[PDB]
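Chemist: Residue numbering for the sequence shown follows PDB author numbering, starting at 32 and increasing by one per position.
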Amino acid sequence: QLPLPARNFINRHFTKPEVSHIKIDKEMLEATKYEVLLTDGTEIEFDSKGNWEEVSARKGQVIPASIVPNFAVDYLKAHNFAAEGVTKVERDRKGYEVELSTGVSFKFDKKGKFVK
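Right, here's the structure in full:
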């Protein structure tokens with residue numbers, strides 16, 4: 032069973048979300064991971080608690096707007112990159128990464144500041 036917080040995330044951000052597949056990866060001395068493919072082609076990776084780590088849209092599509100963290104929305108808008116949409120967002124302890132329809136991507140550190 033997909034953890035509650037992950038089903039809530041899917042149901043909060045996606046329009047008429049339907050699950051096409053769920054892959055559970057269990058490793059001996061590591062934490063369980065979940066990969067979910069929705070019928071609209073969105074792929075999401077969740078940690079064992081059901082916190083999203085990555086959201087990526089199918090080619091030609093963009094992810095929903097409510098997912099990208101505010102500081103990154105602000106940066107993208109300030110640089111006229113918001114309008115074209117985000118195809119992928121990732122986060123971890125090191126920070127955040129956003130990728131755009133054109134192929135441009137930006138990394139931000141844990142504090143929401145640009146990093147190389």
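Virtual Cβ for every residue (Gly too), placed ideally from N, Cα, C.
So what does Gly126 bridge to, in DSSP terms?
Modeler: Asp123, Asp140
Chemist: Is the beta carbon of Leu68 less than 7 Å from the beta carbon of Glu74?
Modeler: yes
Chemist: Suppose you measure from the CA of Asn39 to the CA of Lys147; what does that come to, to the nearest Å?
Modeler: 33 Å
Chemist: Suppose the cutoff is 8 Å on Cβ atoms and the five residues either side in sequence are ignored; what does the same chain contact list for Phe145 look like?
Modeler: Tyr106, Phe137, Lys138, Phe139
Chemist: Spatial neighbours of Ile94 within its chain, please: CB distance less than 6 Å, with the 5 preceding and 5 following residues excluded, ordered by chain position.
Modeler: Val86, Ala88, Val117
Chemist: Could you spell out the range, first to last residue, of the beta strand (DSSP E) harbouring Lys64?
Modeler: For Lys64, the enclosing beta strand (DSSP E) has its first and last residue at 64-69.
Chemist: Check the DSSP bridge columns for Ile53 and list the partner residues they point to.
Modeler: Answer by DSSP bridge pairing, in chain order: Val67.
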